[PDB]
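A quick write-up on the structure given underneath.
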Amino acid sequence: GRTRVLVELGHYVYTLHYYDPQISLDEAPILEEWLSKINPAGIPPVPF
Amino acid sequence: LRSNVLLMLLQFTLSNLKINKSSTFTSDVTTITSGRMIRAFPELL
């Protein structure tokens, strides 16, 4: 908890994952898969 | 030295007697230049 980032994208394609709320899970690896497929070509669709 | 330098510039001048010919200009659809009209080529990019 030390840096808050506002990635301003004018419009983007989203995709939401659905979790059972009784499951403890750091979902940083879910976003780190999104952060790996970014190149100057394009962006993978945004995960929630 | 002046006789050998001047003959080196006569090969420098004669080897640059070409015609700058244009080629294809694919627009940069990537986001480094964003829609700019660069010239794609080997790999001189």
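Lettering and numbering for the structure tokens are positional, with chains as A, B, ... in the shown order, residues counted from 1 in each chain, and ligands counted from 1 in the shown order.
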For chain A, which residues have at least one atom within 9 Å of chain B, if we go by only C-alpha atoms? Write them as a compact mmCIF listing (two decimals) with N, CA, C and O atoms, in the first residue's frame, please.
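Okay, this is what ended up in part_24.txt:
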# COMPACT_ATOMS: atom_id res chain seq x y z
N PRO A 40 3.15 -2.39 -27.18
CA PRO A 40 2.68 -1.24 -27.96
C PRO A 40 1.71 -1.58 -29.08
O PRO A 40 1.16 -0.65 -29.69
N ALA A 41 1.49 -2.86 -29.39
CA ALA A 41 0.42 -3.22 -30.32
C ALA A 41 -0.94 -2.93 -29.71
O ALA A 41 -1.66 -2.04 -30.17
N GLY A 42 -1.31 -3.67 -28.66
CA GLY A 42 -2.62 -3.49 -28.07
C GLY A 42 -2.65 -3.91 -26.61
O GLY A 42 -1.64 -4.30 -26.03
**Request:** Apply DSSP to the structure's backbone, then extract all residues of chain A labelled strand (DSSP E or B) and return them as an NGL selection string.
**Result:** :A and (14-15 or 46-47)
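Of the residues under consideration (B:35, B:40, B:45, B:1), B:40 shows the shortest atom-to-atom contact distance to residue 22 (chain B) when counting only C-alpha atoms.
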**Request:** From a DSSP calculation on the backbone, collect every residue of chain B in helix (DSSP H, G or I) and output the set as a VMD selection string.
**Result:** chain B and resid 2 to 14
What would the file look like if the residues just selected were written as a PDB file, in the first residue's frame with C-alpha atoms?
ATOM      1  CA  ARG B   2      46.594  15.744 -49.775  1.00  0.00           C
ATOM      2  CA  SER B   3      46.834  13.582 -52.884  1.00  0.00           C
ATOM      3  CA  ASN B   4      45.455  10.575 -51.008  1.00  0.00           C
ATOM      4  CA  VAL B   5      42.786  12.428 -49.034  1.00  0.00           C
ATOM      5  CA  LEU B   6      41.408  14.103 -52.156  1.00  0.00           C
ATOM      6  CA  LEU B   7      41.204  10.739 -53.901  1.00  0.00           C
ATOM      7  CA  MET B   8      39.343   9.404 -50.888  1.00  0.00           C
ATOM      8  CA  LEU B   9      36.753  12.164 -51.212  1.00  0.00           C
ATOM      9  CA  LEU B  10      36.445  11.410 -54.915  1.00  0.00           C
ATOM     10  CA  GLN B  11      35.411   7.892 -53.983  1.00  0.00           C
ATOM     11  CA  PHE B  12      33.201   9.269 -51.226  1.00  0.00           C
ATOM     12  CA  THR B  13      31.439  11.562 -53.689  1.00  0.00           C
ATOM     13  CA  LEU B  14      31.129   8.991 -56.465  1.00  0.00           C
TER      14      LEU B  14
END
Please provide as a PDB file with N, CA, C and O atoms, in the first residue's frame all residues within 10 Å of residue 41 (chain B), with the sequence filter that same-chain residues fewer than 2 positions apart are discarded (counting only C-alpha atoms).
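Output (around.pdb):
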ATOM      1  N   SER B  23       9.670   4.560 -50.955  1.00  0.00           N
ATOM      2  CA  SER B  23       9.089   3.231 -50.886  1.00  0.00           C
ATOM      3  C   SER B  23       7.730   3.320 -50.208  1.00  0.00           C
ATOM      4  O   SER B  23       7.056   4.350 -50.251  1.00  0.00           O
ATOM      5  N   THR B  24       7.332   2.228 -49.569  1.00  0.00           N
ATOM      6  CA  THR B  24       6.049   2.201 -48.892  1.00  0.00           C
ATOM      7  C   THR B  24       6.117   2.977 -47.585  1.00  0.00           C
ATOM      8  O   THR B  24       7.156   3.042 -46.926  1.00  0.00           O
ATOM      9  N   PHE B  25       4.994   3.585 -47.225  1.00  0.00           N
ATOM     10  CA  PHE B  25       4.862   4.357 -45.996  1.00  0.00           C
ATOM     11  C   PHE B  25       3.684   3.793 -45.203  1.00  0.00           C
ATOM     12  O   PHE B  25       2.583   4.336 -45.251  1.00  0.00           O
ATOM     13  N   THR B  26       3.908   2.698 -44.489  1.00  0.00           N
ATOM     14  CA  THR B  26       2.865   2.175 -43.620  1.00  0.00           C
ATOM     15  C   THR B  26       2.709   3.090 -42.420  1.00  0.00           C
ATOM     16  O   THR B  26       3.695   3.432 -41.764  1.00  0.00           O
ATOM     17  N   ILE B  38       5.325   6.656 -40.832  1.00  0.00           N
ATOM     18  CA  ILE B  38       6.715   6.232 -40.935  1.00  0.00           C
ATOM     19  C   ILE B  38       6.893   5.360 -42.168  1.00  0.00           C
ATOM     20  O   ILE B  38       5.925   5.054 -42.870  1.00  0.00           O
ATOM     21  N   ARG B  39       8.127   4.949 -42.436  1.00  0.00           N
ATOM     22  CA  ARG B  39       8.459   4.169 -43.625  1.00  0.00           C
ATOM     23  C   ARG B  39       9.049   2.840 -43.176  1.00  0.00           C
ATOM     24  O   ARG B  39      10.163   2.786 -42.653  1.00  0.00           O
ATOM     25  N   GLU B  43      15.952  -4.669 -41.467  1.00  0.00           N
ATOM     26  CA  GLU B  43      15.450  -4.041 -40.259  1.00  0.00           C
ATOM     27  C   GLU B  43      16.191  -2.769 -39.911  1.00  0.00           C
ATOM     28  O   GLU B  43      16.945  -2.710 -38.942  1.00  0.00           O
ATOM     29  N   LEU B  44      15.953  -1.748 -40.726  1.00  0.00           N
ATOM     30  CA  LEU B  44      16.504  -0.423 -40.527  1.00  0.00           C
ATOM     31  C   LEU B  44      15.584   0.379 -39.615  1.00  0.00           C
ATOM     32  O   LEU B  44      15.945   1.437 -39.126  1.00  0.00           O
ATOM     33  N   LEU B  45      14.442  -0.196 -39.326  1.00  0.00           N
ATOM     34  CA  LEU B  45      13.544   0.471 -38.449  1.00  0.00           C
ATOM     35  C   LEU B  45      14.318   0.582 -37.149  1.00  0.00           C
ATOM     36  O   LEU B  45      15.099  -0.284 -36.775  1.00  0.00           O
TER      37      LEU B  45
END
**Prompt:** residue 16 (chain A): which residues within 9 Å, counting only C-alpha atoms, same-chain residues fewer than 6 positions away excluded, as number ranges by chain?
**Reply:** A: 46-48
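CA of residue 30 (chain A) to CA of residue 13 (chain A) spans 16.1 Å [interatomic distance, one decimal].
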**Item:** Two-atom distance - CA of residue 17 (chain A), CA of residue 45 (chain A) (Å)
**Value:** 11.7 Å
